[PDB]
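First structure 1, then structure 2: two forms of the same chain, each alone, as structure tokens.
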Structure 1
């Protein structure tokens, strides 16, 4: 997957040479910003499941058509709510991985690759996922350097769905 460390090594390997001066500073740049990314994933580790349980309840208040619909394919049943926390928890878990990595990589392979094909196949509206992701962005209550790393990858997921 795409991490700045991998991105540089892939580019270098293509040219069959070692890392250029420009590529090394790009890698030295990863480590000077990495601490805030690991501390971001520490916030998600301790309170990610809790933010997911609230984000699931937010969509049942923003979009009423999800909880009042049919049984075989909608969130009316208590099993559908369990899949809604699960999906949002998968998203938040993948965003935490992005901070540990310092790049879009985990979101790219785990959620962005084949996103639009799947939702269009299973009757899922990205409108619900953007809505619950805009919630945890304004409700996390994070500092600054740790919050910058959290906001970058939550808004990449929102850009990938819209």
Structure 2
């Protein structure tokens, strides 16, 4: 998949030239955010399970039909509910990868070139996952630079599902 480093080398290789100082300065300056993105990667790995399970609960309360209705796409069973926390934990895992990379690549390949394609042959609602992500955005308790990265990718995923 793509990262801004893989993109910058790919572009400079296509025109057969070295990376100029200005292209090389945008690699020097993204090491401030990538240091912050490594604390966010270590924060997501620490509380991800509990955040995902707490996020699942909010969705169940916000959309009570999901826990009582039919059964193919609905969390009517305790097995279906387990699958919801796993689906949510997966977003949190992909968002952590984006923070380590300093780009949207991991999400671009999971949601845009992934989820938005086959959900026509599944029928789950994006709103269930936007609410889950809004809950983890407003309840993670992260600092400043660390919060910056986590909130950039959580918000990119929310909008990718739009």
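Superpose the two forms; the largest set of C-alphas matching within 1.5 Å is the rigid core. Residue numbers count along the first chain shown, from 1.
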property	result
Only residue that shifts (Cα, 2 Å or more, rigid core superposed) between structure 1 and structure 2, among 130, 112, 54, 38	112
Exceeds or equals 2 Å, Cα of residue 22 between structure 1 and structure 2, core fit	yes
Core-aligned C-alpha movement of residue 77 between structure 1 and structure 2 reaching 2 Å	no
Core-aligned Cα shift of residue 139 between structure 1 and structure 2, given in Å	0.1
Once the two forms are fitted on their core, CA shift of residue 11 between structure 1 and structure 2 in Å	1.4
